[PDB]
Each structure stands twice: as C-alpha cells, then as structure tokens.
$ cat data_35.pdb   # PDB, N, CA and C atoms
ATOM      1  N   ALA A   1     -24.676  17.019  13.247  1.00  0.00           N
ATOM      2  CA  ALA A   1     -24.325  15.657  12.805  1.00  0.00           C
ATOM      3  C   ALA A   1     -24.074  15.622  11.304  1.00  0.00           C
ATOM      4  N   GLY A   2     -22.868  15.213  10.883  1.00  0.00           N
ATOM      5  CA  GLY A   2     -22.489  15.060   9.468  1.00  0.00           C
ATOM      6  C   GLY A   2     -22.800  13.686   8.860  1.00  0.00           C
ATOM      7  N   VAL A   3     -23.176  12.707   9.693  1.00  0.00           N
ATOM      8  CA  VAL A   3     -23.280  11.262   9.390  1.00  0.00           C
ATOM      9  C   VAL A   3     -24.052  10.968   8.098  1.00  0.00           C
ATOM     10  N   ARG A   4     -25.159  11.660   7.848  1.00  0.00           N
ATOM     11  CA  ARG A   4     -25.954  11.449   6.630  1.00  0.00           C
ATOM     12  C   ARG A   4     -25.291  11.995   5.368  1.00  0.00           C
ATOM     13  N   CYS A   5     -24.755  13.218   5.398  1.00  0.00           N
ATOM     14  CA  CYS A   5     -23.969  13.779   4.284  1.00  0.00           C
ATOM     15  C   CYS A   5     -22.737  12.879   4.003  1.00  0.00           C
ATOM     16  N   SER A   6     -22.072  12.348   5.042  1.00  0.00           N
ATOM     17  CA  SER A   6     -21.034  11.318   4.877  1.00  0.00           C
ATOM     18  C   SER A   6     -21.574  10.065   4.179  1.00  0.00           C
ATOM     19  N   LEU A   7     -22.647   9.445   4.680  1.00  0.00           N
ATOM     20  CA  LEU A   7     -23.158   8.203   4.101  1.00  0.00           C
ATOM     21  C   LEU A   7     -23.677   8.368   2.670  1.00  0.00           C
ATOM     22  N   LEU A   8     -24.276   9.514   2.356  1.00  0.00           N
ATOM     23  CA  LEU A   8     -24.748   9.821   1.010  1.00  0.00           C
ATOM     24  C   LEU A   8     -23.589   9.767  -0.006  1.00  0.00           C
ATOM     25  N   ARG A   9     -22.399  10.291   0.332  1.00  0.00           N
ATOM     26  CA  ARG A   9     -21.224  10.203  -0.557  1.00  0.00           C
ATOM     27  C   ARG A   9     -20.622   8.794  -0.641  1.00  0.00           C
ATOM     28  N   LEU A  10     -20.821   7.917   0.348  1.00  0.00           N
ATOM     29  CA  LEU A  10     -20.295   6.542   0.297  1.00  0.00           C
ATOM     30  C   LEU A  10     -20.928   5.731  -0.844  1.00  0.00           C
ATOM     31  N   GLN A  11     -22.244   5.856  -1.022  1.00  0.00           N
ATOM     32  CA  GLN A  11     -22.976   5.266  -2.147  1.00  0.00           C
ATOM     33  C   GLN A  11     -22.516   5.819  -3.503  1.00  0.00           C
ATOM     34  N   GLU A  12     -22.042   7.067  -3.572  1.00  0.00           N
ATOM     35  CA  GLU A  12     -21.482   7.604  -4.817  1.00  0.00           C
ATOM     36  C   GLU A  12     -20.208   6.851  -5.219  1.00  0.00           C
ATOM     37  N   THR A  13     -19.322   6.534  -4.271  1.00  0.00           N
ATOM     38  CA  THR A  13     -18.071   5.820  -4.591  1.00  0.00           C
ATOM     39  C   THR A  13     -18.284   4.430  -5.187  1.00  0.00           C
ATOM     40  N   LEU A  14     -19.370   3.754  -4.794  1.00  0.00           N
ATOM     41  CA  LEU A  14     -19.798   2.458  -5.322  1.00  0.00           C
ATOM     42  C   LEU A  14     -20.292   2.534  -6.783  1.00  0.00           C
ATOM     43  N   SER A  15     -20.844   3.681  -7.199  1.00  0.00           N
ATOM     44  CA  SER A  15     -21.442   3.921  -8.529  1.00  0.00           C
ATOM     45  C   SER A  15     -20.513   4.652  -9.510  1.00  0.00           C
ATOM     46  N   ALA A  16     -19.406   5.217  -9.018  1.00  0.00           N
ATOM     47  CA  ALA A  16     -18.374   5.865  -9.825  1.00  0.00           C
ATOM     48  C   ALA A  16     -17.722   4.898 -10.847  1.00  0.00           C
ATOM     49  N   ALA A  17     -17.372   5.403 -12.032  1.00  0.00           N
ATOM     50  CA  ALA A  17     -16.779   4.592 -13.093  1.00  0.00           C
ATOM     51  C   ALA A  17     -15.353   4.126 -12.759  1.00  0.00           C
ATOM     52  N   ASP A  18     -14.500   4.999 -12.196  1.00  0.00           N
ATOM     53  CA  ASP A  18     -13.143   4.634 -11.760  1.00  0.00           C
ATOM     54  C   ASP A  18     -13.214   3.852 -10.441  1.00  0.00           C
ATOM     55  N   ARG A  19     -13.570   2.568 -10.528  1.00  0.00           N
ATOM     56  CA  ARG A  19     -13.758   1.691  -9.365  1.00  0.00           C
ATOM     57  C   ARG A  19     -12.487   1.531  -8.528  1.00  0.00           C
ATOM     58  N   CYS A  20     -11.330   1.457  -9.186  1.00  0.00           N
ATOM     59  CA  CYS A  20     -10.027   1.407  -8.533  1.00  0.00           C
ATOM     60  C   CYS A  20      -9.740   2.663  -7.687  1.00  0.00           C
ATOM     61  N   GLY A  21      -9.869   3.864  -8.267  1.00  0.00           N
ATOM     62  CA  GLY A  21      -9.621   5.137  -7.570  1.00  0.00           C
ATOM     63  C   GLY A  21     -10.693   5.496  -6.530  1.00  0.00           C
ATOM     64  N   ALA A  22     -11.966   5.246  -6.846  1.00  0.00           N
ATOM     65  CA  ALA A  22     -13.093   5.553  -5.976  1.00  0.00           C
ATOM     66  C   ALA A  22     -13.052   4.787  -4.641  1.00  0.00           C
ATOM     67  N   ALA A  23     -12.506   3.566  -4.606  1.00  0.00           N
ATOM     68  CA  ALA A  23     -12.279   2.836  -3.355  1.00  0.00           C
ATOM     69  C   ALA A  23     -11.470   3.646  -2.326  1.00  0.00           C
ATOM     70  N   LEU A  24     -10.522   4.476  -2.783  1.00  0.00           N
ATOM     71  CA  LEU A  24      -9.659   5.260  -1.902  1.00  0.00           C
ATOM     72  C   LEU A  24     -10.429   6.397  -1.212  1.00  0.00           C
ATOM     73  N   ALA A  25     -11.368   7.038  -1.917  1.00  0.00           N
ATOM     74  CA  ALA A  25     -12.311   7.958  -1.282  1.00  0.00           C
ATOM     75  C   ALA A  25     -13.227   7.215  -0.281  1.00  0.00           C
ATOM     76  N   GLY A  26     -13.836   6.096  -0.691  1.00  0.00           N
ATOM     77  CA  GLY A  26     -14.775   5.323   0.135  1.00  0.00           C
ATOM     78  C   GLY A  26     -14.165   4.807   1.439  1.00  0.00           C
ATOM     79  N   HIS A  27     -12.956   4.248   1.381  1.00  0.00           N
ATOM     80  CA  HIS A  27     -12.227   3.786   2.570  1.00  0.00           C
ATOM     81  C   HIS A  27     -12.045   4.919   3.588  1.00  0.00           C
ATOM     82  N   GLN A  28     -11.455   6.039   3.172  1.00  0.00           N
ATOM     83  CA  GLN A  28     -11.140   7.136   4.088  1.00  0.00           C
ATOM     84  C   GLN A  28     -12.413   7.846   4.588  1.00  0.00           C
ATOM     85  N   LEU A  29     -13.486   7.818   3.796  1.00  0.00           N
ATOM     86  CA  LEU A  29     -14.806   8.300   4.192  1.00  0.00           C
ATOM     87  C   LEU A  29     -15.426   7.435   5.305  1.00  0.00           C
ATOM     88  N   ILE A  30     -15.340   6.105   5.216  1.00  0.00           N
ATOM     89  CA  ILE A  30     -15.723   5.231   6.336  1.00  0.00           C
ATOM     90  C   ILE A  30     -14.792   5.455   7.529  1.00  0.00           C
ATOM     91  N   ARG A  31     -13.482   5.637   7.292  1.00  0.00           N
ATOM     92  CA  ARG A  31     -12.505   5.926   8.357  1.00  0.00           C
ATOM     93  C   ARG A  31     -12.847   7.216   9.128  1.00  0.00           C
ATOM     94  N   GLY A  32     -13.439   8.220   8.467  1.00  0.00           N
ATOM     95  CA  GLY A  32     -13.988   9.417   9.119  1.00  0.00           C
ATOM     96  C   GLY A  32     -15.320   9.161   9.838  1.00  0.00           C
ATOM     97  N   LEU A  33     -16.290   8.573   9.148  1.00  0.00           N
ATOM     98  CA  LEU A  33     -17.611   8.229   9.688  1.00  0.00           C
ATOM     99  C   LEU A  33     -17.515   7.411  10.994  1.00  0.00           C
ATOM    100  N   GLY A  34     -16.635   6.410  11.035  1.00  0.00           N
ATOM    101  CA  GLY A  34     -16.379   5.567  12.206  1.00  0.00           C
ATOM    102  C   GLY A  34     -15.597   6.228  13.351  1.00  0.00           C
ATOM    103  N   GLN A  35     -15.088   7.458  13.175  1.00  0.00           N
ATOM    104  CA  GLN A  35     -14.645   8.338  14.271  1.00  0.00           C
ATOM    105  C   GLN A  35     -15.797   9.188  14.815  1.00  0.00           C
ATOM    106  N   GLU A  36     -16.660   9.693  13.942  1.00  0.00           N
ATOM    107  CA  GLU A  36     -17.748  10.587  14.343  1.00  0.00           C
ATOM    108  C   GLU A  36     -18.715   9.924  15.340  1.00  0.00           C
ATOM    109  N   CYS A  37     -19.223   8.725  15.057  1.00  0.00           N
ATOM    110  CA  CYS A  37     -20.285   8.157  15.893  1.00  0.00           C
ATOM    111  C   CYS A  37     -19.797   7.300  17.066  1.00  0.00           C
ATOM    112  N   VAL A  38     -18.513   6.924  17.123  1.00  0.00           N
ATOM    113  CA  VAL A  38     -17.921   6.378  18.366  1.00  0.00           C
ATOM    114  C   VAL A  38     -17.652   7.509  19.371  1.00  0.00           C
ATOM    115  N   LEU A  39     -17.287   8.702  18.878  1.00  0.00           N
ATOM    116  CA  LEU A  39     -16.946   9.881  19.686  1.00  0.00           C
ATOM    117  C   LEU A  39     -18.155  10.416  20.478  1.00  0.00           C
ATOM    118  N   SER A  40     -19.343  10.347  19.872  1.00  0.00           N
ATOM    119  CA  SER A  40     -20.592  10.926  20.367  1.00  0.00           C
ATOM    120  C   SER A  40     -20.925  10.629  21.830  1.00  0.00           C
ATOM    121  N   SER A  41     -21.637  11.574  22.458  1.00  0.00           N
ATOM    122  CA  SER A  41     -22.410  11.386  23.695  1.00  0.00           C
ATOM    123  C   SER A  41     -23.618  12.353  23.764  1.00  0.00           C
ATOM    124  N   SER A  42     -24.741  11.977  23.140  1.00  0.00           N
ATOM    125  CA  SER A  42     -26.094  12.522  23.381  1.00  0.00           C
ATOM    126  C   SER A  42     -27.173  11.514  22.928  1.00  0.00           C
ATOM    127  N   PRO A  43     -28.109  11.039  23.789  1.00  0.00           N
ATOM    128  CA  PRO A  43     -28.999   9.901  23.482  1.00  0.00           C
ATOM    129  C   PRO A  43     -29.808  10.003  22.175  1.00  0.00           C
ATOM    130  N   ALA A  44     -30.217  11.209  21.800  1.00  0.00           N
ATOM    131  CA  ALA A  44     -31.013  11.514  20.605  1.00  0.00           C
ATOM    132  C   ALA A  44     -30.214  11.793  19.327  1.00  0.00           C
ATOM    133  N   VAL A  45     -28.894  11.912  19.450  1.00  0.00           N
ATOM    134  CA  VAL A  45     -27.988  11.886  18.303  1.00  0.00           C
ATOM    135  C   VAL A  45     -27.417  10.473  18.106  1.00  0.00           C
ATOM    136  N   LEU A  46     -27.263   9.704  19.194  1.00  0.00           N
ATOM    137  CA  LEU A  46     -27.085   8.248  19.176  1.00  0.00           C
ATOM    138  C   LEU A  46     -28.269   7.576  18.479  1.00  0.00           C
ATOM    139  N   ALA A  47     -29.490   8.080  18.645  1.00  0.00           N
ATOM    140  CA  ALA A  47     -30.640   7.690  17.832  1.00  0.00           C
ATOM    141  C   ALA A  47     -30.356   7.872  16.327  1.00  0.00           C
ATOM    142  N   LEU A  48     -29.875   9.044  15.882  1.00  0.00           N
ATOM    143  CA  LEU A  48     -29.505   9.286  14.475  1.00  0.00           C
ATOM    144  C   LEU A  48     -28.477   8.250  13.999  1.00  0.00           C
ATOM    145  N   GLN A  49     -27.451   8.036  14.813  1.00  0.00           N
ATOM    146  CA  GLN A  49     -26.301   7.208  14.473  1.00  0.00           C
ATOM    147  C   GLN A  49     -26.607   5.710  14.525  1.00  0.00           C
ATOM    148  N   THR A  50     -27.585   5.272  15.323  1.00  0.00           N
ATOM    149  CA  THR A  50     -28.154   3.915  15.265  1.00  0.00           C
ATOM    150  C   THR A  50     -29.234   3.769  14.189  1.00  0.00           C
ATOM    151  N   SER A  51     -29.847   4.859  13.751  1.00  0.00           N
ATOM    152  CA  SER A  51     -30.862   4.856  12.692  1.00  0.00           C
ATOM    153  C   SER A  51     -30.251   4.765  11.286  1.00  0.00           C
ATOM    154  N   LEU A  52     -29.221   5.565  10.987  1.00  0.00           N
ATOM    155  CA  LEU A  52     -28.673   5.678   9.630  1.00  0.00           C
ATOM    156  C   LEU A  52     -27.474   4.760   9.302  1.00  0.00           C
ATOM    157  N   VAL A  53     -26.680   4.313  10.284  1.00  0.00           N
ATOM    158  CA  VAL A  53     -25.704   3.234  10.077  1.00  0.00           C
ATOM    159  C   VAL A  53     -26.339   1.947   9.525  1.00  0.00           C
ATOM    160  N   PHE A  54     -27.444   1.508  10.126  1.00  0.00           N
ATOM    161  CA  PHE A  54     -28.193   0.295   9.766  1.00  0.00           C
ATOM    162  C   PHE A  54     -29.411   0.572   8.871  1.00  0.00           C
ATOM    163  N   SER A  55     -29.317   1.600   8.034  1.00  0.00           N
ATOM    164  CA  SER A  55     -30.366   1.931   7.075  1.00  0.00           C
ATOM    165  C   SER A  55     -30.571   0.812   6.018  1.00  0.00           C
ATOM    166  N   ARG A  56     -31.734   0.827   5.342  1.00  0.00           N
ATOM    167  CA  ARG A  56     -32.272  -0.254   4.476  1.00  0.00           C
ATOM    168  C   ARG A  56     -32.044  -0.024   2.968  1.00  0.00           C
ATOM    169  N   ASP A  57     -32.154   1.232   2.534  1.00  0.00           N
ATOM    170  CA  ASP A  57     -31.950   1.717   1.149  1.00  0.00           C
ATOM    171  C   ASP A  57     -30.531   2.301   0.916  1.00  0.00           C
ATOM    172  N   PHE A  58     -29.785   2.424   2.014  1.00  0.00           N
ATOM    173  CA  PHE A  58     -28.705   3.364   2.318  1.00  0.00           C
ATOM    174  C   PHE A  58     -27.967   2.807   3.549  1.00  0.00           C
ATOM    175  N   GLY A  59     -26.823   3.349   3.950  1.00  0.00           N
ATOM    176  CA  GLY A  59     -26.109   2.846   5.133  1.00  0.00           C
ATOM    177  C   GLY A  59     -25.091   1.727   4.833  1.00  0.00           C
ATOM    178  N   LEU A  60     -24.497   1.155   5.881  1.00  0.00           N
ATOM    179  CA  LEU A  60     -23.231   0.419   5.780  1.00  0.00           C
ATOM    180  C   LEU A  60     -23.371  -1.019   5.246  1.00  0.00           C
ATOM    181  N   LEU A  61     -24.385  -1.767   5.685  1.00  0.00           N
ATOM    182  CA  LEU A  61     -24.544  -3.191   5.326  1.00  0.00           C
ATOM    183  C   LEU A  61     -24.981  -3.356   3.867  1.00  0.00           C
ATOM    184  N   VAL A  62     -25.819  -2.436   3.370  1.00  0.00           N
ATOM    185  CA  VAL A  62     -26.198  -2.352   1.948  1.00  0.00           C
ATOM    186  C   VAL A  62     -24.957  -2.105   1.098  1.00  0.00           C
ATOM    187  N   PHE A  63     -24.095  -1.157   1.483  1.00  0.00           N
ATOM    188  CA  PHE A  63     -22.808  -0.942   0.820  1.00  0.00           C
ATOM    189  C   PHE A  63     -21.929  -2.212   0.789  1.00  0.00           C
ATOM    190  N   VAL A  64     -21.798  -2.957   1.897  1.00  0.00           N
ATOM    191  CA  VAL A  64     -21.069  -4.244   1.885  1.00  0.00           C
ATOM    192  C   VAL A  64     -21.684  -5.213   0.888  1.00  0.00           C
ATOM    193  N   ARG A  65     -22.950  -5.584   1.068  1.00  0.00           N
ATOM    194  CA  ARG A  65     -23.569  -6.633   0.251  1.00  0.00           C
ATOM    195  C   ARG A  65     -23.666  -6.259  -1.233  1.00  0.00           C
ATOM    196  N   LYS A  66     -23.854  -4.975  -1.552  1.00  0.00           N
ATOM    197  CA  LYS A  66     -23.916  -4.472  -2.932  1.00  0.00           C
ATOM    198  C   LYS A  66     -22.528  -4.334  -3.582  1.00  0.00           C
ATOM    199  N   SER A  67     -21.463  -4.130  -2.800  1.00  0.00           N
ATOM    200  CA  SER A  67     -20.075  -4.104  -3.306  1.00  0.00           C
ATOM    201  C   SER A  67     -19.402  -5.493  -3.393  1.00  0.00           C
ATOM    202  N   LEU A  68     -20.064  -6.575  -2.954  1.00  0.00           N
ATOM    203  CA  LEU A  68     -19.435  -7.860  -2.582  1.00  0.00           C
ATOM    204  C   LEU A  68     -18.862  -8.708  -3.751  1.00  0.00           C
ATOM    205  N   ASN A  69     -19.069  -8.306  -5.007  1.00  0.00           N
ATOM    206  CA  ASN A  69     -18.424  -8.905  -6.188  1.00  0.00           C
ATOM    207  C   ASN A  69     -17.047  -8.284  -6.547  1.00  0.00           C
ATOM    208  N   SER A  70     -16.733  -7.089  -6.040  1.00  0.00           N
ATOM    209  CA  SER A  70     -15.451  -6.401  -6.253  1.00  0.00           C
ATOM    210  C   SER A  70     -14.275  -7.056  -5.501  1.00  0.00           C
ATOM    211  N   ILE A  71     -13.046  -6.881  -6.008  1.00  0.00           N
ATOM    212  CA  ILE A  71     -11.781  -7.163  -5.289  1.00  0.00           C
ATOM    213  C   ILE A  71     -11.067  -5.873  -4.829  1.00  0.00           C
ATOM    214  N   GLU A  72     -11.379  -4.726  -5.434  1.00  0.00           N
ATOM    215  CA  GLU A  72     -10.848  -3.407  -5.063  1.00  0.00           C
ATOM    216  C   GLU A  72     -11.288  -2.974  -3.651  1.00  0.00           C
ATOM    217  N   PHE A  73     -12.511  -3.313  -3.230  1.00  0.00           N
ATOM    218  CA  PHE A  73     -13.126  -2.786  -1.998  1.00  0.00           C
ATOM    219  C   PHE A  73     -12.742  -3.555  -0.704  1.00  0.00           C
ATOM    220  N   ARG A  74     -11.738  -4.449  -0.716  1.00  0.00           N
ATOM    221  CA  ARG A  74     -11.267  -5.209   0.486  1.00  0.00           C
ATOM    222  C   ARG A  74     -10.981  -4.320   1.695  1.00  0.00           C
ATOM    223  N   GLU A  75     -10.343  -3.186   1.441  1.00  0.00           N
ATOM    224  CA  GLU A  75      -9.946  -2.199   2.446  1.00  0.00           C
ATOM    225  C   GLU A  75     -11.172  -1.597   3.164  1.00  0.00           C
ATOM    226  N   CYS A  76     -12.244  -1.321   2.409  1.00  0.00           N
ATOM    227  CA  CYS A  76     -13.517  -0.851   2.950  1.00  0.00           C
ATOM    228  C   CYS A  76     -14.174  -1.950   3.797  1.00  0.00           C
ATOM    229  N   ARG A  77     -14.313  -3.152   3.229  1.00  0.00           N
ATOM    230  CA  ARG A  77     -15.037  -4.268   3.845  1.00  0.00           C
ATOM    231  C   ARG A  77     -14.334  -4.858   5.075  1.00  0.00           C
ATOM    232  N   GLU A  78     -13.020  -4.691   5.218  1.00  0.00           N
ATOM    233  CA  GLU A  78     -12.317  -4.894   6.490  1.00  0.00           C
ATOM    234  C   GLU A  78     -12.640  -3.795   7.521  1.00  0.00           C
ATOM    235  N   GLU A  79     -12.477  -2.525   7.137  1.00  0.00           N
ATOM    236  CA  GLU A  79     -12.705  -1.360   7.995  1.00  0.00           C
ATOM    237  C   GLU A  79     -14.125  -1.262   8.528  1.00  0.00           C
ATOM    238  N   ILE A  80     -15.113  -1.481   7.673  1.00  0.00           N
ATOM    239  CA  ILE A  80     -16.521  -1.424   8.029  1.00  0.00           C
ATOM    240  C   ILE A  80     -16.875  -2.569   8.996  1.00  0.00           C
ATOM    241  N   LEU A  81     -16.276  -3.761   8.877  1.00  0.00           N
ATOM    242  CA  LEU A  81     -16.442  -4.824   9.875  1.00  0.00           C
ATOM    243  C   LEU A  81     -15.728  -4.495  11.199  1.00  0.00           C
ATOM    244  N   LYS A  82     -14.497  -3.944  11.147  1.00  0.00           N
ATOM    245  CA  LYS A  82     -13.802  -3.430  12.348  1.00  0.00           C
ATOM    246  C   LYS A  82     -14.647  -2.361  13.056  1.00  0.00           C
ATOM    247  N   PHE A  83     -15.203  -1.405  12.318  1.00  0.00           N
ATOM    248  CA  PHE A  83     -16.103  -0.421  12.900  1.00  0.00           C
ATOM    249  C   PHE A  83     -17.360  -1.056  13.513  1.00  0.00           C
ATOM    250  N   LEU A  84     -18.039  -1.987  12.836  1.00  0.00           N
ATOM    251  CA  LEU A  84     -19.233  -2.644  13.403  1.00  0.00           C
ATOM    252  C   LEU A  84     -18.920  -3.475  14.654  1.00  0.00           C
ATOM    253  N   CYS A  85     -17.722  -4.057  14.740  1.00  0.00           N
ATOM    254  CA  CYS A  85     -17.230  -4.701  15.957  1.00  0.00           C
ATOM    255  C   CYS A  85     -17.238  -3.695  17.134  1.00  0.00           C
TER     256      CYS A  85
END

$ encode --input "data_35.pdb" --output "structure tokens"
Amino acid sequence: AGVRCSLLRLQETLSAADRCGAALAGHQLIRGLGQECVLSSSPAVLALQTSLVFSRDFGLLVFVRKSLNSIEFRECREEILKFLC
C-alpha cells in the first residue's frame, strides 16, 4: 500500500512556497491516490484506506479545511470531493 507515502507528500504541497506551482503536484497526487483505494479488494487493506483517508492530523479533510483560504487549490478541492462521493 502506497497510500500513506502518497498522503505524506500531499501535506508538503500545502506548505511549499510556490503555492501556484505546488497545486499542480497536489491535484495529480490526489488523482493517483483516488485510483489506488477505489481499485482495492482486501478487507484489512480497506482498513488502512478507511483509516488514513479520514485521518485527524493528516489525510484529506484536514487538507481541505487547512487549504480553504486559497484560490489556487480549486482543482484539488473539486477532485477530493468527487473522490469522497
């Protein structure tokens, strides 16, 4: 499972100085992450993917609410809602 190494880099894009350019890494990184855990079929790796998507210090909803003052991150915040759907 790559899901945690993927999510760890998503928080880096939010903290990067080039906010305009870093959005392009973050979008395509969510676009990869949201293929990995829809594809899955094993109950105890589905445990990993239900555990770390909805993480508290880390994970997808923290990234939305912490990025929510930006206008650059629209592409991420659409994709991450499409994925959560």

$ closest_residue --input "data_35.pdb" --among "A:31, A:9, A:56, A:65" --to "residue 82 (chain A)" --atoms "only C-alpha atoms"
A:31

$ resolve_selection --input "data_35.pdb" --expression "the PyMOL selection byres (((chain A and resi 79 and name CA) around 12) and name CA)" --output "list in words"
residues 26, 27, 28, 29, 30, 31, 32, 33, 34, 35, 60, 64, 73, 74, 75, 76, 77, 78, 80, 81, 82, 83, 84 and 85 of chain A

$ resolve_selection --input "data_35.pdb" --expression "the PyMOL selection byres (((chain A and resi 49 and name CA) around 12) and name CA)" --output "PyMOL selection string"
chain A and resi 1-4+6-7+33-48+50-55+59-60

$ atom_distance --input "data_35.pdb" --atom1 "atom C of residue 62 (chain A)" --atom2 "atom N of residue 12 (chain A)"
10.7 Å

$ select_by_dssp --input "data_35.pdb" --residues "chain A" --states "helix (DSSP H, G or I)" --output "ChimeraX atom specification"
/A:3-15,19-39,43-52,60-67,74-84

$ atom_distance --input "data_35.pdb" --atom1 "CA of residue 20 (chain A)" --atom2 "atom N of residue 63 (chain A)"
17.5 Å

$ closest_residue --input "data_35.pdb" --among "A:5, A:57, A:10, A:69" --to "residue 24 (chain A)" --atoms "only C-alpha atoms"
A:10

$ axis_aligned_box --input "data_35.pdb" --around "region 9-23 of chain A" --padding-each-side "4 Å" --output "JSON"
{"center_x": -16.3, "center_y": 5.8, "center_z": -6.4, "size_x": 21.4, "size_y": 16.9, "size_z": 21.4}

$ atom_distance --input "data_35.pdb" --atom1 "CA of residue 16 (chain A)" --atom2 "CA of residue 67 (chain A)"
12.0 Å
